[PDB]
Amino acid sequence: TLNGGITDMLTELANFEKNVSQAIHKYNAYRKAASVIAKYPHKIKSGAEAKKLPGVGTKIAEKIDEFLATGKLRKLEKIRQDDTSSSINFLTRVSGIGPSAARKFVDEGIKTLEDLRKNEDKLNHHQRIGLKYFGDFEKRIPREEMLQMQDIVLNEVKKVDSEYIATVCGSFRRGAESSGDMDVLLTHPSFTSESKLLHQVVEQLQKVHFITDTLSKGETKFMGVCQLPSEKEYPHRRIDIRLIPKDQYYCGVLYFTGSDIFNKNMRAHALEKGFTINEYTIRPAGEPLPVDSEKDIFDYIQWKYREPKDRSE
DNA sequence: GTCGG
DNA sequence: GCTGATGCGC
DNA sequence: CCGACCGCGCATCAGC
Ligand SMILES: Nc1ncnc2c1ncn2[C@H]1C[C@H](O)[C@@H](COP(=O)(O)CP(=O)(O)OP(=O)(O)O)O1
Ligand SMILES: [Mn+2]
Ligand SMILES: [Mn+2]
Ligand SMILES: [Mn+2]
Ligand SMILES: [Mn+2]
Ligand code: NA
């Protein structure tokens, strides 16, 4: 809230570069700037003050100067008013509609939610589900509901087999008071880096009607929809489940706890210490080093350990 | 769009 | 009917 | 001043 007007501005520019310009590196540049400014403990008075921060450069400092002077950004004003930009931006809020589908739709005059309904036969399964739950998927999930969801998943998992271990990661594990979705990391002793495990868990969650819909499902990843049992229905929620080798659990939990900016910052700092981190391993790239805890990974790269609650960048 | 090389 | 190409979310 | 900034699992379909 300290520099919220600035970070909101940079976030809206990011979304434009992602959805309309299809410029993913600019999208990420804007987000890294919004992130670093969010962390800045002073109220920003000038573009030059902001330019001191790593990731804020010449062009953002200028935009910051204009925002500070006028209270707005002319570039954003023009985008908002541009029918094609505005429509593409909008359509990409449907899960399953990305920059390419959005732009194709808009070129054919499909431009609003109603139009998508009028044309559901042009949508694939994922997009039809995105449309069906459009409002629900933009609602946040209160931590109290996440706690009930956790209990359902952790118990139904234990029903299928007691050696399974499910861990809710993402913003929940970082202790956020609300979450955009539910991210679940799954392990079983029989699946290691050598050695239907996911399908058994998915189908049970379907059996007790927690999982309502499927977006994508394979041997190691499930993307779908779930809903707490009900009164007014609870909203339908996005749920992601990943099955990962048990001996790669801690790299996995580190990664899927995030945040995504934190992961970016860690993989870059890793390189600055001779290491390379991914979702599965940490390597000097040579053999995967041994890991028994998240802190093991912090140690290797000489960072002070950070509890999950301190990785929300 | 930014920054280290 | 198959599959390389690519989109999507992450 | 110029390139790196992750790369992958899963679904779809244009082009044979
Ligand atoms: N592009 C990316 N680069 C690096 N790491 C990435 C990533 N996308 C996702 N991740 C990682 C970190 C997230 O915390 C985690 C879950 O990704 P997520 O898409 O569920 C976002 P989350 O952090 O859970 O907040 P929320 O909005 O859902 O409440 O997976
Ligand atoms: Mn999440
Ligand atoms: Mn989300
Ligand atoms: Mn997720
Ligand atoms: Mn990857
Ligand atoms: Na979308």
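Just the heavy atoms: all of them, side chains too, but no hydrogens, waters or symmetry mates, feed the values below. Numbered from 1 within each chain, the chains take letters A, B, ... in sequence-line order.
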Hey, which sits more toward the 5' end of DNA chain D by its nearest nucleotide, A:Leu271 or A:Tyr280?
->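 Mapping each residue to its closest nucleotide by heavy atoms, the 5'-most match is A:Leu271.
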
Select from A:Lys264 and A:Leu198 the residue whose nearest nucleotide in DNA chain D is closer to the 5' end of that strand.
->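 Final value for this comparison: A:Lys264.
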
Groove in which a side-chain heavy atom of A:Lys221 lies under 5.0 Å from a base atom |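 The groove in question is the minor one.
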
What are the two closest heavy atoms between A:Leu205 and A:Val153, and how far apart are they?
-> CD2-CA, 4.2 Å

Heavy-atom pair with the smallest gap, counting every atom of A:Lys63 and A:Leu73 | O-CD1, 3.7 Å

So, A:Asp299 and A:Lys295, do they make that salt bridge, N to O below 4.0 Å?
-> yes

Does A:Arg173 come within less than 4.0 Å of A:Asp183, counting only side-chain N to carboxylate O?
->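 Answer for the salt bridge query: no.
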
Any base atoms under 4.0 Å from [X], or only sugar-phosphate, or nothing? Heavy atoms, all strands.
X	result
A:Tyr30	sugar-phosphate
A:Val94	sugar-phosphate
A:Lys32	nothing
A:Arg238	sugar-phosphate
A:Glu17	nothing
A:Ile24	nothing
A:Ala33	nothing

[X] has an atom [atom1]; how far is it from atom [atom2] of [N], in whole Å?
X	N	atom1	atom2	value
A:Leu91	C:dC8	CG	P	11 Å
A:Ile261	C:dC10	CD1	P	15 Å
A:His125	C:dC8	NE2	P	17 Å
A:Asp240	C:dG9	CG	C1'	8 Å
A:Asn28	C:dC10	CG	P	14 Å
A:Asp260	C:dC10	CG	P	11 Å
A:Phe222	C:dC8	CZ	P	21 Å
A:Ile244	C:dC10	CD1	P	19 Å

What is the ring orientation for A:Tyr164 with A:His188, classed by angle as parallel under 30°, tilted 30 to 60°, or perpendicular over 60°?
-> perpendicular

Report the relative orientation of the aromatic rings in A:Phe298 and A:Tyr305; use parallel for angles under 30°, tilted for 30 to 60°, perpendicular for over 60°.
->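 A:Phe298 and A:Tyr305: perpendicular rings.
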
Assess the side chains of A:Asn89 and A:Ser86: does a donor N or O sit below 3.5 Å from an acceptor N or O?
-> no

Can A:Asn28 and A:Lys32 be counted as having a side-chain donor-acceptor contact under 3.5 angstrom?
->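 Note: A:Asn28 and A:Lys32 side chains miss the donor-acceptor criterion.
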
D:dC6 and C:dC8, which share atom name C1', separated by this distance in whole Å | 16 Å

Can you tell me how far P in D:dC8 sits from the matching atom in B:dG1, rounded to whole Å?
-> 29 Å

Among C:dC10, B:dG1, C:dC8, the nucleotide that comes nearest once only the side chain of A:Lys59 is considered |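 Shortest atom-to-atom distance from the side chain points to B:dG1.
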
If you walk 5' to 3' along DNA chain D, what is the first nucleotide with an atom under 4.0 Å of a heavy atom in chain A, and what is the last?
->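 So the contact region on DNA chain D extends D:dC5 to D:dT12.
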
Near DNA chain D, which residues from residues 60-67 of chain A have a heavy atom under 4.0 Å away?
-> none

Heavy-atom side-chain contact between A:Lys217 and A:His199 under 4.5 Å | yes

Can you find a pair of side-chain heavy atoms, one from A:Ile60 and one from A:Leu13, that are under 4.5 Å apart?
-> no

List for me each residue that meets ring pair (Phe, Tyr, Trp, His ring centres under 6.0 Å) alongside A:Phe137, sequence neighbours excluded, and say none if there are none.
-> A:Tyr133

